[PDB]
Amino acid sequence: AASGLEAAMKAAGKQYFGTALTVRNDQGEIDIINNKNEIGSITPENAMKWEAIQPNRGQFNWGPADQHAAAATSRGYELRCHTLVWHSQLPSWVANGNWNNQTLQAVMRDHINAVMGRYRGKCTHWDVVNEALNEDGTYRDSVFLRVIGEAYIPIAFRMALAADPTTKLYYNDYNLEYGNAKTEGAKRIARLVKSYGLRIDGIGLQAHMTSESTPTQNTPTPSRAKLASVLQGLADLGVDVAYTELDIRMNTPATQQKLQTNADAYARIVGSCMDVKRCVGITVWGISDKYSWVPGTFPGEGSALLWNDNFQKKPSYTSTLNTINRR
Ligand SMILES: *[C@@H]1O[C@H](CO)[C@@H](O[C@@H]2O[C@H](CO)[C@@H](O[C@@H]3O[C@H](CO)[C@@H](O)[C@H](O)[C@@H]3O)[C@H](O)[C@H]2NC(C)=O)[C@H](O)[C@H]1NC(C)=O
């Protein structure tokens, strides 16, 4: 059996195992990533969001994005580019702008053209629209929805196809794994893009899960079979699927019991990908717990990744690798 996650995915007939990355002076994560049998895809954690790429109108900021893209290209790794149209952390000039339908679209077009154009032939996937849905499956309120309406989603995909047809155009979102109204919303989005005669290549399930009930998420990672049916249901529309931001949080501190329970949760969701032909790959949201978004965003929650604060493999790493390698 293969001894690293990427090699295991390849041996099993999948495309990649990836991770989110922030380039920093601490070499702990990158030294693990350097192993070509371990990781084969990178998602820049922050360097390619709208604020990072165009913080002021017409003034692009390529340095960090170039640096993170180079981390993947210099190693011959795939790159998930993240993300174009997203409500969160929009620059003030976009979020608080005085827009009409036509002028906001011109702004979208200019941004999409410049960023997709620069990294064309490097971005394996693009998260074209991110987190466009409320928890009840209705459209999340943002400047894009207010000014352009529902049509902003297909228009974004039309602009993305024009700027770089060689990439895979993804819709990305969290909490789609549970087979509910939000899952249905993602399907509505995919249907809508296809209705315009446009291309949607994939649906990204972020997979920010829990292994036990937490204050922010009461429902722990569902059964392997349930997750497989959700994945296939999305694949039915004629798209690839992928787990894009996988982490599985618990109430801290961890104990051996909680670590094993967490490992079981990883086996279920990783297994669900193994079960579905159109599930192309898995990206975890970082290598080490040391730099995870979780404890800062939701204090009292954490221990969500495959390596601990000391860059040592947790029980979840072994359960993940074994699950990929199974039969
Ligand atoms: C802002 O302007 C855009 C055009 O620049 C408007 O987008 C248009 O929206 C309508 C729906 O309101 C789209 O119609 C749909 O077409 C598909 C298939 O072609 C069909 O399945 C639907 O039943 C519906 O008829 C239309 O295609 C779209 N036009 C373009 C060029 O994309 C948008 O409505 C404007 N927003 C506001 C708030 O006024």
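Values reported hereafter were calculated over all heavy atoms of this structure, with side chains retained and with hydrogens, waters and symmetry mates removed. Here, residue 1 is the first one in the sequence, and each next residue gets the next number. In listed order, ligands and their atoms are each counted from 1.
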Novice: Examine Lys226 relative to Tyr178 and say whether NZ or CZ is less than 6.0 Å from the centre of the six-membered ring and inside a 45° cone about the ring axis.
Specialist: no

Novice: For the side-chain contact (heavy atoms from CB on, under 4.5 Å) test, which of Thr19, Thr244, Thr167 pairs with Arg80?
Specialist: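 Considering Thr19, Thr244, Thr167, a side-chain contact (heavy atoms from CB on, under 4.5 Å) with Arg80 is found only for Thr244.
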
Novice: I need the nearest protein heavy-atom contact for atom 27 (O) of ligand 1: residue, atom name and distance, please.
Specialist: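 Ranking protein heavy atoms by distance from atom 27 (O) of ligand 1, first comes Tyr196 CE2, 3.6 Å.
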
Novice: Heavy atoms only, cut-off 4.0 Å: how does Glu150 contact ligand 1, side chain, backbone, both, or neither?
Specialist: neither

Novice: When you measure from atom 2 (O) of ligand 1 to the protein, is at least one non-hydrogen atom found at a distance under 4.0 Å?
Specialist: yes

Novice: Need the ligand 1 atom indices (1-based, order shown) with element for anything under 4.0 Å from a heavy-atom of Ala151.
Specialist: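 Near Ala151, meaning under 4.0 Å from one of its heavy atoms, ligand 1 has 7 (O).
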
Novice: Is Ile155 close to ligand 1, meaning an N/O of one under 3.5 Å from an N/O of the other?
Specialist: no

Novice: Distance below 4.0 Å between atom 25 (O) of ligand 1 and any protein heavy atom?
Specialist: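 Given the 4.0 Å cut-off, atom 25 (O) of ligand 1 does not count as touching protein heavy atoms.
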
Novice: Are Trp293 and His208 near enough that their ring centres are under 6.0 Å apart?
Specialist: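 Ring-ring flag for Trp293/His208: true, centres closer than 6.0 Å.
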
Novice: Under a 4.0 Å N-O cut-off, is there an ion pair linking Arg191 with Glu184?
Specialist: yes

Novice: Where does the angle between the aromatic ring planes of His125 and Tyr170 fall among parallel (under 30°), tilted (30 to 60°) and perpendicular (over 60°)?
Specialist: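 Plane angle under 30°, so parallel.
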
Novice: In ligand 1, which numbered atoms sit nearer than 4.0 Å to a non-hydrogen atom of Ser195?
Specialist: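 Answer for ligand 1: 18 (C), 21 (O).
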
Novice: Counting only heavy atoms on the protein side, is anything nearer than 4.0 Å to atom 22 (C) of ligand 1?
Specialist: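 Not a single protein heavy atom is under 4.0 Å away.
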
Novice: Should the pair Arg188 and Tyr139 be classed as cation-pi, given the thresholds of under 6.0 Å to the six-membered ring centre and 45° from the axis?
Specialist: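 Yes, cation above the ring, under 6.0 Å and within 45°.
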
Novice: Return a yes/no value: protein heavy atom under 4.0 Å from atom 39 (O) of ligand 1?
Specialist: yes

Novice: Starting from atom 33 (C) of ligand 1, find the nearest protein heavy-atom neighbour and note its residue, name and distance.
Specialist: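 Result: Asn101 ND2, 3.8 Å.
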
Novice: At a 4.0 Å threshold, what atoms of ligand 1 neighbour a non-hydrogen atom of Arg158?
Specialist: 30 (C), 31 (C), 32 (O)

Novice: Indicate whether atom 5 (O) of ligand 1 is within a distance of less than 4.0 angstrom of some protein heavy atom.
Specialist: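 For atom 5 (O) of ligand 1 the answer is yes, since some protein heavy atom falls inside 4.0 Å.
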
Novice: Please check if the distance between the ring centroids of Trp62 and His68 is under 6.0 Å.
Specialist: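 No, too far apart.
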
Novice: Among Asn175, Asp127, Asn130, which one satisfies side-chain contact (heavy atoms from CB on, under 4.5 Å) with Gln206?
Specialist: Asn130

